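# Observations on chain architecture
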Amino acid sequence: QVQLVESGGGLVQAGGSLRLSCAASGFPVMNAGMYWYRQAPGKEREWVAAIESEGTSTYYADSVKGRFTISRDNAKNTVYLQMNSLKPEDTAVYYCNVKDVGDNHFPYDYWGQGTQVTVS
Amino acid sequence: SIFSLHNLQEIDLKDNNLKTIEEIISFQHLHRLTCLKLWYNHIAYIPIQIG
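Sequence positions in this view are assigned from 1 along each chain in the order the sequence is written. Entry numbering can differ, and residues without coordinates are absent from the display. Chain A is the first chain written and ligand 1 is the first ligand written, with later ones labelled in order. All values in this entry refer to the displayed chains, which constitute part of a larger assembly. Only hydrogens and water are set aside when side-chain values are computed; all heavy atoms of the structure are taken into account.

cryo-EM is the method the PDB entry states for this structure, with the resolution given as 3.29 Å.

Here it is in structure tokens:
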């Protein structure tokens, strides 16, 4: 089966570094486009980070460009995301997303459960 | 382990998601290799070792 799940959720005051993670089942991570989205109370899902398959190129939005770092670890079959002193206004619920893996069935977009990270 | 098959003539590696094909530097041993196929892969630069 195909399922997406992440971890690392925890409220951290401004001044530290939080290392997120993920977990992908049923497909390799190298041959797939992995996405990170943010969810906030009263706000829709905003794209944050994307890593491109077959070449491993990082794509960032201008909202948080130049601060985050995304890497793919095929040994654990996961995607690691690291922040660099994220601002208090950056608090959101982060969602993982992988779309159109080599397997092509009815669910084309796979999302994670969702982890809430608080900055104050 | 393909480097030891000295009698090979055709090599097909379709849809193997090959990223680097630098192993061409070791295919000069095969004196009968004529139809190396590497189609349907993700390879960026053809190695200089084709010579």
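Additional details are given in the paragraphs that follow.
## Observations regarding the overall build of chain A
To keep things clear, this is the line we draw: Helix numbers and strand numbers start at the N terminus; a helix is a DSSP run of H or I with at least 4 residues, a strand a run of E with at least 2. Note on method: radius of gyration uses C-alpha positions; expected globular size equals 2.2 Å times residues raised to 0.38. Working definition: with a 1.4 Å probe on protein chains only, accessible area under 20% of the residue-type maximum means buried, over 50% means exposed, and in between means partly exposed. By definition in these notes, contact holds between two residues if any of their heavy atoms fall within 4.5 Å. Throughout, the Shrake-Rupley method with a 1.4 Å probe supplies accessible areas, and for residues the shown protein chains are the sole cover considered.
A count of helices and strands for chain A gives 0 helices and 10 strands. Taken from N to C terminus, the helices and strands of chain A fall in the order β-β-β-β-β-β-β-β-β-β. A globule of 120 residues ought to have a C-alpha radius of gyration of about 14 Å, and chain A, at 14 Å, matches this closely. Over its C-alpha atoms, taken along the principal directions, chain A stretches across nearly 40 × 30 × 25 Å. Buried positions account for 41% of the 120 residues belonging to chain A. Expressed as a percentage of contacts within chain A between residues at least 6 apart in sequence, the contacts between residues at least 24 apart total 51%. Surface exposure of chain A reaches about 6700 Å², of which carbon and sulfur atoms provide 50%.

## Things to note about the nonpolar core
The condition is simple: As used here, the term nonpolar core means buried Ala, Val, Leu, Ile, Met, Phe, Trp, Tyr and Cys residues forming a set that is joined through side-chain atoms within 4.5 Å.
If you look at the biggest cluster of nonpolar residues, it comprises 30 residues, and the most contacted ones within it are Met34(A), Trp36(A), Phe68(A), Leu81(A), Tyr94(A) and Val98(A). Mapped onto this core, the elements with two or more residues apiece are strand 3 (33–40), strand 4 (43–52), strand 7 (78–82) and strand 8 (92–99) of chain A. Here this core gets 4 residues from one element, more than from any other, and that element is strand 8 of chain A. In terms of nonpolar packing, the next biggest core, distinct from the first, is built from 5 residues, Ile11(B), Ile24(B), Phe27(B) and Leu30(B) among them.

## What to know about the pairing of strand 6 (residues 69–73) of chain A
All names here are of chain A. What counts, and what does not: For two strands to be treated as a pair, DSSP must find at least two bridges joining them.
Side chains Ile70 and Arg72 project from strand 6 onto a buried face, and the interleaved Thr69, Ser71 and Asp73 project onto a face without burial. When strand 6 meets strand 7, the two strands line up antiparallel, connected through 5 bridges. Bridge pairing in strand 7 places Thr69 opposite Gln82. Turn length for the strand 6-strand 7 hairpin, with the two strands adjacent in sequence and antiparallel, is 4 residues, and the turn residue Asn77 shows positive phi of about 60°.

## Description of the state of the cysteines
Throughout this description, disulfide means a covalent bond between two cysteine sulfur atoms. All names here are of chain A. This is how the line gets drawn: Counting rule for disulfides: a pair of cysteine sulfur atoms within 2.5 Å.
In total, this model carries 0 disulfides over all chains according to the counting rule given. Considering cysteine sulfurs only, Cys22 is the nearest to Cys96, which forms no disulfide, with 3.7 Å between them. Residue classification places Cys96 among the buried positions, given a relative accessible area of 1%.

## Remarks on the packing of aromatic side chains
Residue and element names in this part refer to chain A. Threshold: In this analysis, rings of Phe, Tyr and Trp, with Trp reduced to its six-membered ring, are considered paired at centre separations within 6.5 Å, and the interplanar angle assigns stacked below 30 degrees, edge-to-face beyond 60, and tilted for intermediate values.
A complete count under the given rule lists 7 aromatic pairs over all chains for this structure. Measuring from centroid to centroid gives 6.4 Å for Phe68 and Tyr94, while their planes differ by 45°, and the two rings are tilted. One end of the pair, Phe68, is in the loop between strand 5 (57–60) and strand 6; the other, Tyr94, is in strand 8, with 26 residues separating them in the sequence. In this pair, the class of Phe68 matches that of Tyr94, namely buried.

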